[PDB]
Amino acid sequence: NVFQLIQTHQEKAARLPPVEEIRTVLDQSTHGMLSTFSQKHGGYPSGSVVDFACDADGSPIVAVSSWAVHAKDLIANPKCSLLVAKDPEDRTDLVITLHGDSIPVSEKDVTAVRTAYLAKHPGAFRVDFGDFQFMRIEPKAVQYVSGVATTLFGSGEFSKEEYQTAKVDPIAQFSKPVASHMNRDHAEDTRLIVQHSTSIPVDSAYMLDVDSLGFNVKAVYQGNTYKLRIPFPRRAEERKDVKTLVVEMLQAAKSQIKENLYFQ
């Protein structure tokens, strides 16, 4: 395993600041693991898998059925936690915990909240949203742990005010269409860019997520899978800048290969 050899470079690779990384990942996430605690449940705290959509302040909105085992606890027992694992398998990868208080969405805000929720679960309400109670989890504390995004600096916490005032990275929303496209039509271009960036001649590089400062890949080299941070040459300021920076990176990789051949 040669990840240990580029540990230092990977540590230095341009990334969002932690609070913006946590704000962005939560904003882009659609499901997580809710921990609740109710009277009438033997004194056992409970876990459930829930869908949610962050509102503009980063408060998860959950559509809670009174029939949903454990998740129904939110109705009446406001204190909860929501756990979001950027990649559920990878135990070195970023895990975010939000402690907060579930607040019913007031009649006035239902339409505005229902709209916002559908802009992350397109294909809900297929029967009826009248079968559910919209709850907003107002955060009290946001904690994270990581061995991939960062190990030494891979733990931290934020107040409600720090989290709420953090900006969602405006490029991150284009992750699935950009990655989709690269991985379908340009997989060998991602491979060449990753080799140039990291100096590991990877078998393959599958693009995972993008932000204004670069993109993350899952790469394979000699049997082993590596999560790698691939920084852009400079910050992307608009959606169009992502293609420009990817092409520039590919041209720089190809230039390096040609010059090396000139020098034998």
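Heads up: residue numbers just count along the shown sequence, starting at 1.
For the pair 115-123 and 67-75, the mean B factor over Cα atoms is greater in 115-123. Relative to its counterpart among 98-106 and 151-159, 151-159 has the higher mean temperature factor, C-alpha atoms as listed in the PDB entry. Which of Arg191, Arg136, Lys86, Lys140 has the largest Cα B-factor in the deposited entry comes down to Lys86. In this entry, the residue among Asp27, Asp211, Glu238, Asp51 with the greatest C-alpha B factor is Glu238.
For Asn224, the recorded CA B-factor ranks within the highest third of the chain. Only modelled residues enter the ranking. Among the modelled residues of the chain, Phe263 sits in the middle third by CA temperature factor in this PDB entry. Among the modelled residues of its chain, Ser146 has a C-alpha B-factor that falls in the highest third according to the deposited record. Residue-level temperature factors show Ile257 in the lowest third of its chain, judged at the C-alpha atom. When all modelled residues of the chain are sorted by CA temperature factor, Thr165 is found within the middle third.
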